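Chemist: Provided herewith: run-v3.txt, compact mmCIF, N, CA, C and O atoms.
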```
# COMPACT_ATOMS: atom_id res chain seq x y z
N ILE A 347 29.32 24.69 -4.86
CA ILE A 347 27.91 24.95 -4.57
C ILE A 347 27.03 23.85 -5.16
O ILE A 347 26.08 23.40 -4.51
N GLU A 348 27.35 23.38 -6.37
CA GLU A 348 26.54 22.30 -6.94
C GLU A 348 26.84 20.97 -6.26
O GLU A 348 25.97 20.10 -6.18
N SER A 349 28.06 20.80 -5.75
CA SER A 349 28.35 19.62 -4.93
C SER A 349 27.52 19.64 -3.65
O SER A 349 27.01 18.60 -3.22
N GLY A 350 27.39 20.81 -3.02
CA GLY A 350 26.53 20.92 -1.86
C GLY A 350 25.07 20.67 -2.19
O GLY A 350 24.34 20.05 -1.42
N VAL A 351 24.62 21.17 -3.35
CA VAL A 351 23.27 20.89 -3.81
C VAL A 351 23.06 19.39 -3.97
O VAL A 351 22.03 18.85 -3.58
N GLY A 352 24.05 18.71 -4.56
CA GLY A 352 23.95 17.26 -4.67
C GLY A 352 23.90 16.57 -3.32
O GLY A 352 23.07 15.69 -3.10
N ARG A 353 24.76 16.99 -2.39
CA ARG A 353 24.75 16.40 -1.06
C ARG A 353 23.40 16.58 -0.39
O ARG A 353 22.92 15.69 0.33
N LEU A 354 22.76 17.73 -0.61
CA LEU A 354 21.45 17.97 -0.02
C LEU A 354 20.34 17.22 -0.77
O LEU A 354 19.31 16.90 -0.17
N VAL A 355 20.54 16.94 -2.05
CA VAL A 355 19.46 16.46 -2.91
C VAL A 355 19.69 15.05 -3.45
O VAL A 355 18.72 14.34 -3.71
N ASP A 356 20.94 14.63 -3.64
CA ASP A 356 21.16 13.28 -4.16
C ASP A 356 20.80 12.23 -3.11
O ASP A 356 20.87 12.47 -1.90
N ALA A 357 20.42 11.05 -3.60
CA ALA A 357 20.05 9.92 -2.76
C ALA A 357 20.87 8.70 -3.15
O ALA A 357 21.11 8.45 -4.33
N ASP A 358 21.30 7.93 -2.14
CA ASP A 358 22.03 6.70 -2.40
C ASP A 358 21.12 5.64 -3.03
O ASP A 358 20.00 5.42 -2.56
N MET A 359 21.59 5.03 -4.12
CA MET A 359 20.73 4.12 -4.87
C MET A 359 20.60 2.76 -4.19
O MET A 359 19.58 2.08 -4.37
N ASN A 360 21.61 2.35 -3.42
CA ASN A 360 21.58 1.02 -2.81
C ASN A 360 20.43 0.89 -1.83
O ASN A 360 19.72 -0.13 -1.81
N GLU A 361 20.23 1.91 -0.99
CA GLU A 361 19.14 1.86 -0.02
C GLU A 361 17.79 1.85 -0.72
O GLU A 361 16.86 1.15 -0.28
N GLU A 362 17.65 2.61 -1.81
CA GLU A 362 16.41 2.59 -2.57
C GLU A 362 16.15 1.22 -3.19
O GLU A 362 15.00 0.77 -3.23
N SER A 363 17.20 0.56 -3.69
CA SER A 363 17.02 -0.78 -4.22
C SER A 363 16.58 -1.76 -3.14
O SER A 363 15.69 -2.59 -3.36
N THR A 364 17.19 -1.66 -1.96
CA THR A 364 16.77 -2.52 -0.85
C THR A 364 15.32 -2.27 -0.48
O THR A 364 14.55 -3.21 -0.26
N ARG A 365 14.91 -0.99 -0.42
CA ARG A 365 13.53 -0.67 -0.11
C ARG A 365 12.58 -1.19 -1.19
O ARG A 365 11.48 -1.66 -0.88
N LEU A 366 12.99 -1.11 -2.46
CA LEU A 366 12.15 -1.61 -3.54
C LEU A 366 11.93 -3.11 -3.41
O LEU A 366 10.81 -3.61 -3.56
N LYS A 367 13.00 -3.86 -3.13
CA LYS A 367 12.86 -5.30 -2.95
C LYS A 367 11.97 -5.61 -1.75
O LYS A 367 11.09 -6.49 -1.82
N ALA A 368 12.17 -4.89 -0.64
CA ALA A 368 11.36 -5.12 0.55
C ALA A 368 9.89 -4.84 0.28
O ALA A 368 9.02 -5.60 0.72
N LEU A 369 9.60 -3.75 -0.43
CA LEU A 369 8.21 -3.41 -0.72
C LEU A 369 7.58 -4.39 -1.71
O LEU A 369 6.38 -4.68 -1.59
N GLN A 370 8.35 -4.90 -2.67
CA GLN A 370 7.81 -5.94 -3.55
C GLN A 370 7.44 -7.18 -2.75
O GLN A 370 6.36 -7.76 -2.94
N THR A 371 8.32 -7.60 -1.84
CA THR A 371 8.02 -8.76 -1.00
C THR A 371 6.79 -8.50 -0.13
O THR A 371 5.92 -9.37 0.02
N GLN A 372 6.71 -7.30 0.46
CA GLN A 372 5.57 -6.98 1.32
C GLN A 372 4.28 -6.96 0.52
O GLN A 372 3.24 -7.41 1.01
N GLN A 373 4.32 -6.44 -0.71
CA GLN A 373 3.14 -6.46 -1.56
C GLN A 373 2.71 -7.89 -1.87
O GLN A 373 1.52 -8.20 -1.86
N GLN A 374 3.67 -8.76 -2.17
CA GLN A 374 3.33 -10.15 -2.46
C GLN A 374 2.68 -10.82 -1.25
O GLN A 374 1.65 -11.51 -1.38
N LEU A 375 3.25 -10.62 -0.06
CA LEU A 375 2.65 -11.18 1.15
C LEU A 375 1.26 -10.60 1.41
O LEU A 375 0.35 -11.34 1.80
N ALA A 376 1.09 -9.30 1.21
CA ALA A 376 -0.22 -8.68 1.44
C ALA A 376 -1.26 -9.23 0.47
O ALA A 376 -2.40 -9.48 0.86
N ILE A 377 -0.88 -9.43 -0.79
CA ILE A 377 -1.80 -9.99 -1.77
C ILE A 377 -2.17 -11.42 -1.40
O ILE A 377 -3.34 -11.82 -1.48
N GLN A 378 -1.19 -12.22 -0.97
CA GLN A 378 -1.49 -13.59 -0.55
C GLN A 378 -2.43 -13.60 0.64
O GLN A 378 -3.39 -14.39 0.69
N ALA A 379 -2.19 -12.73 1.62
CA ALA A 379 -3.04 -12.67 2.80
C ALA A 379 -4.45 -12.22 2.44
O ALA A 379 -5.44 -12.72 2.99
N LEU A 380 -4.57 -11.27 1.51
CA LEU A 380 -5.89 -10.83 1.06
C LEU A 380 -6.63 -11.96 0.36
O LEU A 380 -7.84 -12.13 0.55
N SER A 381 -5.92 -12.75 -0.45
CA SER A 381 -6.54 -13.90 -1.10
C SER A 381 -7.02 -14.91 -0.06
O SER A 381 -8.12 -15.47 -0.19
N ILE A 382 -6.22 -15.16 0.97
CA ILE A 382 -6.63 -16.07 2.03
C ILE A 382 -7.87 -15.54 2.75
O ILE A 382 -8.80 -16.29 3.05
N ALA A 383 -7.89 -14.23 3.03
CA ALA A 383 -9.04 -13.63 3.70
C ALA A 383 -10.30 -13.76 2.85
O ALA A 383 -11.38 -14.05 3.37
N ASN A 384 -10.18 -13.53 1.54
CA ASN A 384 -11.33 -13.69 0.66
C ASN A 384 -11.81 -15.13 0.63
O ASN A 384 -13.02 -15.40 0.67
N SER A 385 -10.88 -16.09 0.57
CA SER A 385 -11.26 -17.50 0.55
C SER A 385 -11.81 -17.97 1.89
O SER A 385 -12.45 -19.02 1.94
N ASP A 386 -11.56 -17.23 2.97
CA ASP A 386 -12.07 -17.61 4.28
C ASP A 386 -13.60 -17.56 4.31
O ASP A 386 -14.24 -18.37 4.99
N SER A 387 -14.20 -16.64 3.55
CA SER A 387 -15.62 -16.33 3.72
C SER A 387 -16.51 -17.52 3.36
O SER A 387 -17.48 -17.80 4.07
N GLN A 388 -16.21 -18.22 2.27
CA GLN A 388 -17.16 -19.19 1.72
C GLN A 388 -17.16 -20.53 2.45
O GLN A 388 -17.88 -21.43 2.03
N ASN A 389 -16.37 -20.68 3.51
CA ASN A 389 -16.37 -21.94 4.25
C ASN A 389 -17.68 -22.20 4.98
O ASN A 389 -17.97 -23.35 5.32
N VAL A 390 -18.48 -21.16 5.23
CA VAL A 390 -19.71 -21.31 6.00
C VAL A 390 -20.74 -22.16 5.28
O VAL A 390 -21.68 -22.66 5.91
N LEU A 391 -20.60 -22.36 3.97
CA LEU A 391 -21.59 -23.10 3.20
C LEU A 391 -21.74 -24.55 3.66
O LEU A 391 -22.78 -25.16 3.40
N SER A 392 -20.73 -25.10 4.34
CA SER A 392 -20.80 -26.49 4.76
C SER A 392 -21.92 -26.72 5.76
O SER A 392 -22.48 -27.82 5.83
N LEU A 393 -22.27 -25.70 6.55
CA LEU A 393 -23.36 -25.85 7.51
C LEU A 393 -24.71 -26.02 6.82
O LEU A 393 -25.60 -26.68 7.35
N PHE A 394 -24.87 -25.42 5.64
CA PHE A 394 -26.15 -25.38 4.95
C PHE A 394 -26.24 -26.39 3.82
O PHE A 394 -27.19 -26.32 3.02
N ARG A 395 -25.30 -27.33 3.75
CA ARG A 395 -25.19 -28.35 2.69
C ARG A 395 -25.65 -27.90 1.30
O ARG A 395 -26.12 -28.70 0.49
N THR B 2 -32.49 -36.30 25.66
CA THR B 2 -32.23 -35.43 24.52
C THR B 2 -33.26 -34.31 24.44
O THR B 2 -34.46 -34.57 24.41
N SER B 3 -32.78 -33.07 24.42
CA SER B 3 -33.63 -31.89 24.36
C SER B 3 -33.42 -31.18 23.03
O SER B 3 -32.27 -30.90 22.65
N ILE B 4 -34.52 -30.88 22.34
CA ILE B 4 -34.43 -30.16 21.07
C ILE B 4 -34.33 -28.66 21.25
O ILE B 4 -34.15 -27.94 20.26
N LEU B 5 -34.44 -28.16 22.48
CA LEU B 5 -34.38 -26.73 22.73
C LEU B 5 -32.97 -26.23 23.03
O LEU B 5 -32.70 -25.04 22.85
N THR B 6 -32.08 -27.11 23.49
CA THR B 6 -30.70 -26.74 23.78
C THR B 6 -29.76 -27.78 23.20
O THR B 6 -30.12 -28.95 23.04
N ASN B 7 -28.54 -27.34 22.89
CA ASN B 7 -27.51 -28.21 22.34
C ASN B 7 -26.17 -27.78 22.94
O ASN B 7 -25.52 -26.86 22.43
N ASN B 8 -25.77 -28.45 24.03
CA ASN B 8 -24.54 -28.08 24.72
C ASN B 8 -23.32 -28.27 23.82
O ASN B 8 -22.41 -27.44 23.81
N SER B 9 -23.29 -29.37 23.06
CA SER B 9 -22.17 -29.61 22.16
C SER B 9 -22.09 -28.52 21.09
O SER B 9 -21.00 -28.05 20.77
N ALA B 10 -23.24 -28.12 20.54
CA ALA B 10 -23.24 -27.06 19.54
C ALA B 10 -22.76 -25.74 20.14
O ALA B 10 -22.04 -24.98 19.49
N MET B 11 -23.14 -25.45 21.39
CA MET B 11 -22.72 -24.21 22.03
C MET B 11 -21.21 -24.21 22.29
O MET B 11 -20.53 -23.20 22.09
N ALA B 12 -20.68 -25.35 22.75
CA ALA B 12 -19.23 -25.45 22.94
C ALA B 12 -18.49 -25.31 21.62
O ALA B 12 -17.45 -24.65 21.54
N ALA B 13 -19.02 -25.93 20.56
CA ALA B 13 -18.43 -25.77 19.24
C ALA B 13 -18.49 -24.32 18.78
O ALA B 13 -17.56 -23.83 18.14
N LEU B 14 -19.58 -23.62 19.11
CA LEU B 14 -19.70 -22.21 18.76
C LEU B 14 -18.63 -21.38 19.45
O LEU B 14 -18.00 -20.52 18.83
N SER B 15 -18.43 -21.62 20.75
CA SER B 15 -17.38 -20.89 21.47
C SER B 15 -16.00 -21.20 20.90
O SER B 15 -15.18 -20.29 20.74
N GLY B 16 -15.75 -22.47 20.57
CA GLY B 16 -14.48 -22.81 19.94
C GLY B 16 -14.29 -22.12 18.61
O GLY B 16 -13.21 -21.61 18.32
N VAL B 17 -15.34 -22.09 17.78
CA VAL B 17 -15.26 -21.43 16.48
C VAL B 17 -14.98 -19.95 16.66
O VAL B 17 -14.20 -19.36 15.91
N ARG B 18 -15.62 -19.32 17.65
CA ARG B 18 -15.38 -17.90 17.91
C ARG B 18 -13.92 -17.66 18.30
O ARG B 18 -13.29 -16.71 17.81
N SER B 19 -13.38 -18.51 19.17
CA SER B 19 -11.98 -18.35 19.57
C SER B 19 -11.05 -18.54 18.38
O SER B 19 -10.09 -17.76 18.20
N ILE B 20 -11.31 -19.55 17.55
CA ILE B 20 -10.48 -19.78 16.37
C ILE B 20 -10.57 -18.60 15.41
O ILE B 20 -9.57 -18.19 14.81
N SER B 21 -11.77 -18.04 15.24
CA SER B 21 -11.93 -16.90 14.34
C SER B 21 -11.16 -15.69 14.84
O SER B 21 -10.51 -14.99 14.05
N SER B 22 -11.21 -15.42 16.15
CA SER B 22 -10.46 -14.29 16.70
C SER B 22 -8.96 -14.49 16.51
O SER B 22 -8.25 -13.57 16.09
N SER B 23 -8.47 -15.70 16.82
CA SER B 23 -7.04 -15.97 16.66
C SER B 23 -6.62 -15.87 15.20
O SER B 23 -5.54 -15.34 14.89
N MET B 24 -7.45 -16.37 14.29
CA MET B 24 -7.14 -16.31 12.87
C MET B 24 -7.12 -14.88 12.37
O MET B 24 -6.26 -14.51 11.57
N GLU B 25 -8.06 -14.05 12.83
CA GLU B 25 -8.05 -12.64 12.46
C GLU B 25 -6.78 -11.96 12.94
O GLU B 25 -6.14 -11.20 12.20
N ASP B 26 -6.38 -12.22 14.19
CA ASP B 26 -5.16 -11.62 14.73
C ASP B 26 -3.95 -12.05 13.91
O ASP B 26 -3.13 -11.21 13.51
N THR B 27 -3.82 -13.35 13.64
CA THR B 27 -2.67 -13.84 12.88
C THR B 27 -2.68 -13.33 11.44
O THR B 27 -1.62 -13.07 10.87
N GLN B 28 -3.87 -13.19 10.85
CA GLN B 28 -3.96 -12.70 9.48
C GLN B 28 -3.53 -11.25 9.39
O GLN B 28 -2.78 -10.87 8.48
N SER B 29 -3.96 -10.41 10.33
CA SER B 29 -3.47 -9.04 10.36
C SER B 29 -1.97 -9.00 10.60
O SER B 29 -1.24 -8.22 9.97
N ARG B 30 -1.48 -9.87 11.50
CA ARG B 30 -0.07 -9.89 11.83
C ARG B 30 0.78 -10.25 10.62
O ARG B 30 1.84 -9.67 10.39
N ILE B 31 0.32 -11.22 9.82
CA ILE B 31 1.07 -11.63 8.64
C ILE B 31 0.87 -10.64 7.50
O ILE B 31 1.73 -10.51 6.62
N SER B 32 -0.26 -9.92 7.48
CA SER B 32 -0.50 -8.94 6.43
C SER B 32 0.43 -7.74 6.59
O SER B 32 1.04 -7.28 5.62
N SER B 33 0.54 -7.22 7.81
CA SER B 33 1.27 -5.97 8.03
C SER B 33 2.56 -6.16 8.80
O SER B 33 3.18 -5.16 9.20
N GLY B 34 3.01 -7.39 9.01
CA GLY B 34 4.13 -7.60 9.91
C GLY B 34 3.76 -7.11 11.29
O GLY B 34 2.66 -7.37 11.79
N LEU B 35 4.68 -6.37 11.92
CA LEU B 35 4.37 -5.59 13.13
C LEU B 35 3.80 -6.49 14.23
O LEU B 35 2.62 -6.43 14.57
N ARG B 36 4.68 -7.35 14.76
CA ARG B 36 4.27 -8.23 15.86
C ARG B 36 3.62 -7.43 16.98
O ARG B 36 2.62 -7.86 17.57
N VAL B 37 4.16 -6.25 17.28
CA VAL B 37 3.47 -5.26 18.10
C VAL B 37 2.91 -4.22 17.12
O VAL B 37 3.56 -3.25 16.74
N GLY B 38 1.67 -4.46 16.69
CA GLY B 38 1.09 -3.67 15.62
C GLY B 38 0.27 -2.47 16.06
O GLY B 38 0.16 -1.49 15.32
N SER B 39 -0.30 -2.53 17.26
CA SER B 39 -1.15 -1.46 17.74
C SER B 39 -1.07 -1.40 19.26
O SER B 39 -0.39 -2.21 19.90
N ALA B 40 -1.76 -0.42 19.83
CA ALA B 40 -1.79 -0.27 21.28
C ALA B 40 -2.49 -1.44 21.97
O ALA B 40 -2.26 -1.66 23.16
N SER B 41 -3.33 -2.19 21.25
CA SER B 41 -3.94 -3.38 21.82
C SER B 41 -2.92 -4.45 22.16
O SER B 41 -3.20 -5.33 22.97
N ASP B 42 -1.74 -4.39 21.55
CA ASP B 42 -0.63 -5.28 21.89
C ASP B 42 0.05 -4.75 23.15
O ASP B 42 -0.50 -3.92 23.88
N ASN B 43 1.25 -5.26 23.44
CA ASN B 43 2.00 -4.81 24.60
C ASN B 43 2.22 -3.30 24.54
O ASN B 43 2.93 -2.80 23.67
N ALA B 44 1.59 -2.57 25.47
CA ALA B 44 1.58 -1.12 25.41
C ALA B 44 2.98 -0.53 25.59
O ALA B 44 3.35 0.44 24.92
N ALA B 45 3.76 -1.10 26.51
CA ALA B 45 5.09 -0.56 26.78
C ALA B 45 5.99 -0.65 25.55
O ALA B 45 6.68 0.32 25.20
N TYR B 46 5.98 -1.80 24.88
CA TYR B 46 6.80 -1.95 23.69
C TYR B 46 6.32 -1.05 22.56
O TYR B 46 7.12 -0.51 21.80
N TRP B 47 5.00 -0.87 22.45
CA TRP B 47 4.46 0.04 21.44
C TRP B 47 4.93 1.47 21.69
O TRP B 47 5.34 2.18 20.76
N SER B 48 4.89 1.91 22.95
CA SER B 48 5.34 3.25 23.29
C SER B 48 6.84 3.41 23.03
O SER B 48 7.28 4.45 22.52
N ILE B 49 7.63 2.39 23.38
CA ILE B 49 9.06 2.45 23.13
C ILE B 49 9.34 2.54 21.63
O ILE B 49 10.19 3.32 21.19
N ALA B 50 8.61 1.76 20.83
CA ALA B 50 8.79 1.80 19.39
C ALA B 50 8.43 3.17 18.83
O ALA B 50 9.13 3.70 17.96
```
Would you mind writing the file out in structure tokens?
Modeler:
Amino acid sequence: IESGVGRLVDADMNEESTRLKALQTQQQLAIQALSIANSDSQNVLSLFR
Amino acid sequence: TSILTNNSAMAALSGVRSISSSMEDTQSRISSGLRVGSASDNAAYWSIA
């Protein structure tokens, strides 16, 4: 019965590790893209010298 | 030379608008992945996904 409880409730660690690495990479890319978007705004100053 | 109209400036404005739209699309695409990210993309592939 506790083996069945484990089968219903336990999770494989390898897939979670892969997801953690993927989400860390996605967070890094999202942060870089957000920084680029923020830096995009101030380019308009060249028109107004 | 007319001080009331500027054809070169208007063409540059249209070019800037096109570049801004393309940059926004690519920035969202790189932020969230998802080459087909919304229904505004290829509708059939979005529905299949």
Chemist: Kindly provide the residues of chain B that approach chain A to within 7 Å, each paired with its closest atom pair and their distance in Å to one decimal, based on all atoms listed in the file, listed by chain and increasing number, as CSV.
Modeler:
```
residue,atom,partner,partner_atom,distance
B:28,O,A:379,CA,6.0
B:31,O,A:375,O,5.1
B:32,O,A:376,CA,4.6
B:33,N,A:376,CA,6.6
```
Chemist: So the first atom is atom N of residue 47 of chain B and the second is atom CA of residue 35 of chain B; what is the distance between them in Å, to one decimal place?
Modeler: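 Answer for the atom N of residue 47 of chain B to atom CA of residue 35 of chain B separation: 10.5 Å.
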Chemist: What does the distance from atom CA of residue 37 of chain B to atom CA of residue 49 of chain B come to in Å, to one decimal?
Modeler: 10.8 Å
Chemist: Interatomic distance between atom CA of residue 388 of chain A and atom CA of residue 18 of chain B?
Modeler: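 Spanning atom CA of residue 388 of chain A to atom CA of residue 18 of chain B is a straight-line distance of 16.3 Å.
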Chemist: Identify, with DSSP run on backbone atoms, the residues in segment 3-38 of chain B assigned to helix (DSSP H, G or I), and express the list as a PyMOL selection string.
Modeler: chain B and resi 8-33
Chemist: Would you export the selected residues with N, CA, C and O atoms as a short mmCIF file (atom, residue, chain, number, x, y, z; two decimals), in the coordinates of the input, please?
Modeler:
```cif
data_model
loop_
_atom_site.label_atom_id
_atom_site.label_comp_id
_atom_site.auth_asym_id
_atom_site.auth_seq_id
_atom_site.Cartn_x
_atom_site.Cartn_y
_atom_site.Cartn_z
N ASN B 8 -25.77 -28.45 24.03
CA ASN B 8 -24.54 -28.08 24.72
C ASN B 8 -23.32 -28.27 23.82
O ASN B 8 -22.41 -27.44 23.81
N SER B 9 -23.29 -29.37 23.06
CA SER B 9 -22.17 -29.61 22.16
C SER B 9 -22.09 -28.52 21.09
O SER B 9 -21.00 -28.05 20.77
N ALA B 10 -23.24 -28.12 20.54
CA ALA B 10 -23.24 -27.06 19.54
C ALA B 10 -22.76 -25.74 20.14
O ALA B 10 -22.04 -24.98 19.49
N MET B 11 -23.14 -25.45 21.39
CA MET B 11 -22.72 -24.21 22.03
C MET B 11 -21.21 -24.21 22.29
O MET B 11 -20.53 -23.20 22.09
N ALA B 12 -20.68 -25.35 22.75
CA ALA B 12 -19.23 -25.45 22.94
C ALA B 12 -18.49 -25.31 21.62
O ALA B 12 -17.45 -24.65 21.54
N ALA B 13 -19.02 -25.93 20.56
CA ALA B 13 -18.43 -25.77 19.24
C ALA B 13 -18.49 -24.32 18.78
O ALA B 13 -17.56 -23.83 18.14
N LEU B 14 -19.58 -23.62 19.11
CA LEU B 14 -19.70 -22.21 18.76
C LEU B 14 -18.63 -21.38 19.45
O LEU B 14 -18.00 -20.52 18.83
N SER B 15 -18.43 -21.62 20.75
CA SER B 15 -17.38 -20.89 21.47
C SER B 15 -16.00 -21.20 20.90
O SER B 15 -15.18 -20.29 20.74
N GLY B 16 -15.75 -22.47 20.57
CA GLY B 16 -14.48 -22.81 19.94
C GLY B 16 -14.29 -22.12 18.61
O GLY B 16 -13.21 -21.61 18.32
N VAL B 17 -15.34 -22.09 17.78
CA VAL B 17 -15.26 -21.43 16.48
C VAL B 17 -14.98 -19.95 16.66
O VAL B 17 -14.20 -19.36 15.91
N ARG B 18 -15.62 -19.32 17.65
CA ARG B 18 -15.38 -17.90 17.91
C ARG B 18 -13.92 -17.66 18.30
O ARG B 18 -13.29 -16.71 17.81
N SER B 19 -13.38 -18.51 19.17
CA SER B 19 -11.98 -18.35 19.57
C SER B 19 -11.05 -18.54 18.38
O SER B 19 -10.09 -17.76 18.20
N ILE B 20 -11.31 -19.55 17.55
CA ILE B 20 -10.48 -19.78 16.37
C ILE B 20 -10.57 -18.60 15.41
O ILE B 20 -9.57 -18.19 14.81
N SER B 21 -11.77 -18.04 15.24
CA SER B 21 -11.93 -16.90 14.34
C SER B 21 -11.16 -15.69 14.84
O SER B 21 -10.51 -14.99 14.05
N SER B 22 -11.21 -15.42 16.15
CA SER B 22 -10.46 -14.29 16.70
C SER B 22 -8.96 -14.49 16.51
O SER B 22 -8.25 -13.57 16.09
N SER B 23 -8.47 -15.70 16.82
CA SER B 23 -7.04 -15.97 16.66
C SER B 23 -6.62 -15.87 15.20
O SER B 23 -5.54 -15.34 14.89
N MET B 24 -7.45 -16.37 14.29
CA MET B 24 -7.14 -16.31 12.87
C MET B 24 -7.12 -14.88 12.37
O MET B 24 -6.26 -14.51 11.57
N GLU B 25 -8.06 -14.05 12.83
CA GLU B 25 -8.05 -12.64 12.46
C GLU B 25 -6.78 -11.96 12.94
O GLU B 25 -6.14 -11.20 12.20
N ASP B 26 -6.38 -12.22 14.19
CA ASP B 26 -5.16 -11.62 14.73
C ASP B 26 -3.95 -12.05 13.91
O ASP B 26 -3.13 -11.21 13.51
N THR B 27 -3.82 -13.35 13.64
CA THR B 27 -2.67 -13.84 12.88
C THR B 27 -2.68 -13.33 11.44
O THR B 27 -1.62 -13.07 10.87
N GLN B 28 -3.87 -13.19 10.85
CA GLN B 28 -3.96 -12.70 9.48
C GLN B 28 -3.53 -11.25 9.39
O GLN B 28 -2.78 -10.87 8.48
N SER B 29 -3.96 -10.41 10.33
CA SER B 29 -3.47 -9.04 10.36
C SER B 29 -1.97 -9.00 10.60
O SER B 29 -1.24 -8.22 9.97
N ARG B 30 -1.48 -9.87 11.50
CA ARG B 30 -0.07 -9.89 11.83
C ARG B 30 0.78 -10.25 10.62
O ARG B 30 1.84 -9.67 10.39
N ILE B 31 0.32 -11.22 9.82
CA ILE B 31 1.07 -11.63 8.64
C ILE B 31 0.87 -10.64 7.50
O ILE B 31 1.73 -10.51 6.62
N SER B 32 -0.26 -9.92 7.48
CA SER B 32 -0.50 -8.94 6.43
C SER B 32 0.43 -7.74 6.59
O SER B 32 1.04 -7.28 5.62
N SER B 33 0.54 -7.22 7.81
CA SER B 33 1.27 -5.97 8.03
C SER B 33 2.56 -6.16 8.80
O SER B 33 3.18 -5.16 9.20
#
```
